[PDB]
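Protein chains in written order, with the entry's author numbering: chain A, 135 to 497; chain B, 135 to 478; chain A', 135 to 497; chain B', 135 to 478; chain F, 13 to 22; chain E, 13 to 22; chain E', 13 to 22; chain F', 13 to 22. A prime marks a further copy of an entry chain. Worksheet: one structure, shown below.
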Amino acid sequence: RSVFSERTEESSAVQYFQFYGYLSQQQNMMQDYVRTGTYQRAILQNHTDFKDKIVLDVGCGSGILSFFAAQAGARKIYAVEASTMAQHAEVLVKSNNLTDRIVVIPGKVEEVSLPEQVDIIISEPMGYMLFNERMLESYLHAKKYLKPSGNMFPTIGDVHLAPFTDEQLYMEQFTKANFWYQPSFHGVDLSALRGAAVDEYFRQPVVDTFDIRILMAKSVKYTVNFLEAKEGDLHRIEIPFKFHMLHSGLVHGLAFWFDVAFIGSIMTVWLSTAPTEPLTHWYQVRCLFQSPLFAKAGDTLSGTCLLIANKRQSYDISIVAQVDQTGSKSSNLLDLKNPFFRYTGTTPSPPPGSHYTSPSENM
Amino acid sequence: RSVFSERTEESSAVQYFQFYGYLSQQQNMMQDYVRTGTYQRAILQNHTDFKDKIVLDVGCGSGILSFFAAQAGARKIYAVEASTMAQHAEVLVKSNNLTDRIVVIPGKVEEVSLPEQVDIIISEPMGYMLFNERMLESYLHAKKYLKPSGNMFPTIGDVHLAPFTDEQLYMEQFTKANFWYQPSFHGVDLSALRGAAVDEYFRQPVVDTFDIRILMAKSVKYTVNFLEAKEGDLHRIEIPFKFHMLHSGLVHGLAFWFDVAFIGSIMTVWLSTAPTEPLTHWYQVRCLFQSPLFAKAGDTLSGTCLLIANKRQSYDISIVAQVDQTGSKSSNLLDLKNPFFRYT
Amino acid sequence: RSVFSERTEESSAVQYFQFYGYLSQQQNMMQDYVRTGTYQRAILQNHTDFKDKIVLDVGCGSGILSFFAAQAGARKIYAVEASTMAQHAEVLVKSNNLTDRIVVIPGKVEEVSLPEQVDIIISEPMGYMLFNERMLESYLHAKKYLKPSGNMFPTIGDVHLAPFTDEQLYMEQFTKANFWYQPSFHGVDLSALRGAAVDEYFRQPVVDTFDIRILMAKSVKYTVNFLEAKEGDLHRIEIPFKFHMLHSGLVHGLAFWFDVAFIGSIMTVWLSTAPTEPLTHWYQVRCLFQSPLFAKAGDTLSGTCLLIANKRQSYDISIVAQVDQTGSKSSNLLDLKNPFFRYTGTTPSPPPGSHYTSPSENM
Amino acid sequence: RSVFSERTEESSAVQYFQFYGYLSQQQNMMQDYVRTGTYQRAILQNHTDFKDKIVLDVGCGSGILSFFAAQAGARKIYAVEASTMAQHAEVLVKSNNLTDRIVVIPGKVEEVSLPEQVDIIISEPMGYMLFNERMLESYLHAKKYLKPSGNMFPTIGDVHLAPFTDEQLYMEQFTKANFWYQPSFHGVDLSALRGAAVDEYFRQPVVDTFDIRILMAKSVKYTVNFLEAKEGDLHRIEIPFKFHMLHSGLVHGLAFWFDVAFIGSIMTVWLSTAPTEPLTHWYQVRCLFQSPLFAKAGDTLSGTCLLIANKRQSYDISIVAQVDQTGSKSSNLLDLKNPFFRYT
Amino acid sequence: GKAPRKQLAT
Amino acid sequence: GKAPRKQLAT
Amino acid sequence: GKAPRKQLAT
Amino acid sequence: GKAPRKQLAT
Ligand SMILES: *C/C=C/[C@H]1O[C@@H](n2cnc3c(N)ncnc32)[C@H](O)[C@@H]1O
Ligand SMILES: *C/C=C/[C@H]1O[C@@H](n2cnc3c(N)ncnc32)[C@H](O)[C@@H]1O
Ligand SMILES: *C/C=C/[C@H]1O[C@@H](n2cnc3c(N)ncnc32)[C@H](O)[C@@H]1O
Ligand SMILES: *C/C=C/[C@H]1O[C@@H](n2cnc3c(N)ncnc32)[C@H](O)[C@@H]1O
């Protein structure tokens, strides 16, 4: 029927667009000041890229991005949204008296029909770890409406990988799974399921934030150029990595974040979800290693992170990594659609052994 | 097609049984000591309702209720579970050397085929506010395998409701919707969606615990007797109420909790989720009025809480409340499947 | 040298009498209102048993009991105390102007020399579970100074046993020992010691309080009559028990408490540390079962609790118990000198499944 | 007889090593994440002080520090432990397949016989207030096995002290002693022991944590360098101080904490128990004055904290403090071995 | 709904 | 997944 | 043992 | 002393 129906189980779509039908979710997204702030600047400050232009807003939700484009002088704006948020955004279009410049089209971008080609596509298709939700494919799919020389806002995406040490996080997994390791839970021996409990917990990417000093080597960046990439490029994403360790210790996994750049004619605006930057609602994503890997400063940690698209609008994660000086290796399989939200609001504590001067001296 | 697949659209059942497939969710239920310890007490205290009996465990999960029934001396126990948790229950049956007594049967109880009729049914079919998940219908549906003289554990469920006052909770939700009151959010006028935002936020029941001092009237009780009720009885649940106000103040909604009773041959044991009792993973449930009603100590607050079952394994809630002495009326629609979990 | 030196390692004595040398420990004991209140009543209300009598106060500490005897009219009081609390009590004797009626004798009762025989001995030799500290032997040893027909205050002691169900308490043991069940605690596999961790925790009697409804059968009482018992009777204490279960469930151990009676000529006063009575600083003592025992109402739980005196002024506990209808048995070995103080101040919560009427109905 | 058995009376060593024989106490130390994670960081970051080196672990307990040294590439590690914990360290060596590298040697480091000299010593010899247990002397005593160029991990320990103000803590302890002020406790006059009670309660250092806002002056520092200090140096520890008061108020005593530094060949890593840093099982230590001293912002509080070692593997503490501007003096005797653990 | 049984702290 | 976009505290 | 008599809260 | 290392909550 449509490209979206082929690659997405109906049940996943239902749950998915039902989520985005709630104004409370839009609200949560709009109240991300970094997110909404950066998108606004990237649009109004590149006003020549919108002034009198034709615009496509893919997955517009409430239409906020389509108003920024209007605020930038766009002539006509086709705002596509599949969730039932489309009708709320039409209301906002009427109430803001923009029915002549912003056209809401209820429906999935892979199925709707636009009356013309656009000069620029705008969207917010980034999920956590960038690739979750598989909306980037819808963003690249939308290029069937983009004229030659048209632009994409965002234009590129940089996903960053880095190995981290966090013993507390790792040990937490066994502390929770060890619930099942008792011979008499109300007179039942649960121990036979302890191993399955561990496995289940390690399959979950961890969504929270952390102090930069848990990282043991500079980041490796894999870049998707939205102006050149095609849908099929994202069904299988292989991210080779060769980290040079700057800190000795136990590598418990790889940390993920991403950035996007709105490369306009006037300036390039960056939206970065890095642990060095103020927190956004994307947080950061860490993938643990079933078995951790000892590494010393000067060793090389090498391997691959392979993401395989599934019919649940997410990715199956496979991470293989070894310390080249020892041959010690570690594998892991995680489901990006079932993360464990760990954030607690507390500022991330610094890893131990990080004071190189007496804390008492300058207290 | 089966009784289940008709009243449930696939997309709800997928996400539903996916959720119970995870051991972390079994750990959370099982670690509820009041919940798990009370079932065990109820079953062992009434061991003669199990001793050498045939048992049906509806939605056995990891099988913990089947182990209690075995501990009580049951001759055979068919443990039915439709999530992938059934494979884990098998593993525990083998490792606890009860393969001769507990027979895990994967699938939906509306669809599986039991080998024989049972003397007693056991299950934990209670959702928050009791009726969420629509699992009570699966519980009642299972009575087709029940012998004439057979029993049900739990035997009855008493859902309680009482008006409450909580300005802190009302303003919290109210101000959230007022985000959409802004006339110039990043230059954008959002005010036209104010009414839609308020309807949405107040469509959500609030799940958390509350001090009883906020209840303004004795609770009204509606009892579902699992021995006598049939499936269709629970498609539309009409609960008339008439509260005698004991305190003046703003009525901000109705608070809900429930009890269940295991009416055995030796003693009756209660599992209660009341706000006066230790907390359970069910908490309590409060349905807010978009506009509270003012009542005086001595007035009568009367109305009807109507629960209409839907294809999402939950209920559309309708609460109409009226202060008789002034004619102040409040009509509300809430979606039990989309609660707001407020506890911290 | 002396009976006390033979049965007590010096190191145990040192630590032991150093503890009782602190006024903060006396204070804690004296501020036990039940304890001090009951001892006062038992003495002044049996005034004929003290009026113009000769008294021996064994382990007098601060001398409080010796003042009650003075308040009752005793002619002369020999107050024996081994700890350095003896000198504080002499001060109290001088400051209270009782040097003519109360004589402090610093030293262990097994080694001091009294100038005459006494008509009545008073003491507080009860440890937790009654028998800890092995001071009862010193109390019976002191009868070498008691005339024929003399009295003992306290006169008897009743230790009570009852089986209890407390799944939370039992499971706590494995939750704590499961710390060691992780393959990579900072890169170390600790699991080989998990079993030793469990064992260590089960060897500890639990000192706290509990709700009476955790008990599954009426108590069994073993009585020591201090007027007839001899020292050697307490080196080996065998407590047979045959409990008739009134509640079905998992038996996780046996609960202990005790009572003492001051059988005076005028009245009999009881000091009871039972879970039905206001809390004293003795609390109650529970001994867990390594493996719990399924029992239904109407079954009989039978076995023995055997206490073997050791050279650390305490007892080695051995508990064997079986359900006679099934043959299911359980053993356990605990060290009474190394309890786990569990009390938290919170009122003991009632066991689940104890509501026979709807909590909502009468709320 | 050995260096240990002379400076330690048996009754103290029995109870002392009995305590460390229990796994529950190892669990408590090891679960101190700041403590255990900081040692591991210090050792792995400076792996070249271990790579193919010979190591001595003084009081290895369960052996966790020896495993870190093995993780850092140590050629051989003699792990010395005098409690019964040594048998459990052996079990972990076997189960972690490090029997070729870690050699558990049970006994007191003052008594055992090592087969050879070591390049580096590792240990956790720090008690609360640093000096309790007198284990630093065992650490320094072990240097007889240390090569000329050998290193010590930790290399130095900085004990800090600063005057504090805490009326809530002073009155708490003061009123406790006032129990013995009663003239008629059950008719008995206890007042004659009032002075003895106060001396006893204030002889106890208070172990718990405190907000730094209560410190009235910059901390004074006394450094024990483990590479250069010898055993006897720690028998009598004299710490002169002269505090410049930064705030007016009642000085209720001196607060103590400590840092240690692992001075490796690659980097220096600090383990600090300061009140500004995350809490550790060492907490901080406060010695109260029986009578506080009043000082004005700008006065000088001078005196001497003297620590005399005793046979109970602890120290007799003497703190004399004097407000120079008024001659207000306070003399105090405290027993480090008998602290009051106040944390909750 | 999304989460039929709510997380209960232990 | 269940919550494609995570809640960010205001 | 270490504390023959247990502390009772006042 | 009685307890050289103090209990630390986890
Ligand atoms: C992360 C933001 C998602 C927004 O875009 C909408 N959306 C997702 N996928 C599609 C397709 N295929 N077509 C149109 N709109 C889409 C989400 O509903 C949300 O508003
Ligand atoms: C609240 C607990 C629910 C448990 O029962 C299982 N369950 C729900 N609905 C069914 C049907 N129709 N058949 C079998 N098992 C069912 C849930 O999977 C959960 O374990
Ligand atoms: C439980 C109370 C003990 C008090 O009695 C003293 N004490 C114990 N053991 C002896 C012996 N053998 N002789 C004299 N006093 C003793 C304790 O010191 C405490 O005050
Ligand atoms: C604070 C940690 C002490 C650990 O070291 C052990 N230990 C103390 N003192 C000695 C001596 N002299 N020799 C060997 N091991 C010692 C303690 O047992 C504890 O594990």
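For every residue, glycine included, the Cβ atom is placed at its ideal position computed from N, Cα and C.
**Asked** According to DSSP, which residues form a beta bridge with B'/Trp-391?
**Response** In DSSP, B'/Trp-391 forms a bridge with B'/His-294.
**Prompt:** Is B/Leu-190 closer than 8 Å to B/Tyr-173 when the C-beta atoms are compared?
**Reply:** no
**Message:** At a CB distance below 8 Å, what residues from the segment 160-171 of chain B approach chain A? Give them in sequence order.
**Reply:** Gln-161, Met-164, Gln-165, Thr-170 and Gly-171
**Item:** Residues sharing a beta bridge with B/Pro-374, DSSP
**Value:** Looking at the DSSP output, B/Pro-374 sits in a beta bridge with B/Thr-438.
**Request:** Report the residue ranges of all alpha helix (DSSP H) runs contained in full by the segment 214-259 of chain A'; include only those spanning at least 4 residues, in chain order.
**Result:** 219-229
**Cα-Cα separation, A/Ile-451 to A/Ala-443** = 9 Å
**Message:** Taking 8 Å as the threshold (C-beta atoms), are A'/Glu-365 and A'/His-275 in contact?
**Reply:** yes
**Asked** Count the other CB atoms within 10 Å of the CB of residue 500 of chain A; is the residue buried (16 or more) or exposed (fewer)?
**Response** Nothing can be reported for residue 500 of chain A: it is not among the residues displayed for chain A, which extend from 135 to 497.
**Request:** Tell me, please, whether the CB atom of B/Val-322 is closer than 8 Å to any CB atom in chain A?
**Result:** yes
**Prompt:** Is A/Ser-139 near A'/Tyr-304, with beta carbons less than 8 Å apart?
**Reply:** In this structure, A'/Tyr-304 does not lie closer than 8 Å to A/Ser-139 by Cβ.
**Prompt:** What does A'/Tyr-156 touch in chain B' if you count any residue whose Cβ is under 7 Å from its own?
**Reply:** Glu-334
**Request:** Could you check which residue in B'/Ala-429, B'/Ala-147 and B'/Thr-357 has the C-alpha nearest to that of residue 481 of chain B'?
**Result:** What is shown of chain B' runs 135 to 478, which leaves residue 481 of chain B' out entirely.
**Asked** For residue 481 of chain B, which option in B/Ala-408, B/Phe-153 and B/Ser-382 has the closest C-alpha, if you only look at C-alpha atoms?
**Response** Because chain B is modelled from 135 through 478, residue 481 of chain B falls outside the range shown and cannot be assessed.
**Item:** Span of the alpha helix (DSSP H), counted from its first residue to its last, around B'/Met-163
**Value:** Start and end: 157-165.
**Message:** What I want to know is whether the C-beta of B'/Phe-138 ends up closer than 7 Å to one or more non-hydrogen atoms of ligand 3.
**Reply:** Result no, Cβ not under 7 Å from ligand 3.
**Asked** When DSSP labels each residue in this structure, what does B/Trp-404 get in the three-state scheme?
**Response** strand
**Message:** For the beta strand (DSSP E) containing A/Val-322, name the first residue and the last one.
**Reply:** Taken as a continuous stretch (DSSP letters only), A/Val-322 belongs to no beta strand (DSSP E), as it is neither H nor E.
**Prompt:** What residues match up with A/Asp-469 in a beta bridge as DSSP calls it?
**Reply:** DSSP, once it has assigned bridges, lists A/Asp-450 as partnering A/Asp-469.
**Prompt:** With DSSP run on the structure shown, which of helix, strand or coil describes B/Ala-331?
**Reply:** Under the three-state reduction of DSSP, B/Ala-331 is assigned to helix.
**Item:** C-alpha gap between B'/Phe-475 and B'/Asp-342, whole angstroms
**Value:** 6 Å
**Prompt:** Whose CA, out of B'/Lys-228, B'/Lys-187, B'/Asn-312 and B'/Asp-166, lies closest to the CA of B'/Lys-281?
**Reply:** B'/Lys-187
**Request:** Determine the chain A' residues that contact A/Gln-316 at a beta-carbon separation under 7 Å, and present them in chain order.
**Result:** Taking the beta carbon of A/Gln-316 as reference, the chain A' residues within 7 Å of it are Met-305 and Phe-308, listed in sequence order.
**Request:** Report the partner residues of B/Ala-429 according to the DSSP bridge assignment.
**Result:** B/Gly-383
**Prompt:** By a C-beta neighbour count over all protein chains shown, 10 Å radius and 16 as the cutoff for buried, is A'/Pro-249 buried or exposed?
**Reply:** Exposed, because fewer than 16 other Cβ atoms sit within 10 Å of the Cβ of A'/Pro-249.
**Asked** Grouping DSSP H, G and I as helix and E and B as strand, with all else coil, what is B'/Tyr-304?
**Response** helix
**Asked** For the segment 186-207 of chain A, which residues have a CB atom closer than 9 Å to at least one CB atom of chain B, in sequence order?
**Response** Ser-196, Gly-197, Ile-198, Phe-201, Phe-202 and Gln-205
**Asked** Would A/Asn-312 count as contacting chain A' if we go by Cβ distances under 8 Å?
**Response** yes
**Item:** Cβ neighbours of B'/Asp-345 in the same chain (closer than 8 Å, five flanking residues each side left out)
**Value:** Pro-409
**Prompt:** So is A'/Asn-359 buried or exposed if we call it buried at 16+ other beta carbons inside 10 Å?
**Reply:** With fewer than 16 other beta carbons inside 10 angstroms of its own, A'/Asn-359 counts as exposed.
**Message:** Run through chain F and tell me which residues come within less than 7 Å of B/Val-341, C-beta to C-beta.
**Reply:** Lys-18
**Request:** Report yes if the C-beta of B/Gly-193 is less than 7 Å from at least one heavy atom of ligand 2; otherwise report no.
**Result:** yes
**Asked** Taking 8 Å as the CB-CB limit, is B'/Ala-216 close to chain A'?
**Response** False, the Cβ-Cβ gap to chain A' never drops below 8 Å.
**Beta-carbon neighbours of A'/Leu-384, restricted to chain A and to distances below 9 Å** = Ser-318, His-320 and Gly-321
**Prompt:** Taking A/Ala-395 as the reference, which of A/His-369, A/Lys-376 and A/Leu-361 has the closest Cα?
**Reply:** A/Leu-361
**Request:** Kindly confirm or deny that the segment 213-226 of chain A and the segment 235-249 of chain A touch, where touching means at least three C-beta pairs closer than 8 Å.
**Result:** yes
**Prompt:** Does the distance from the CB of A'/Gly-193 to the CB of A'/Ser-257 come in under 8 Å?
**Reply:** Contact: yes.
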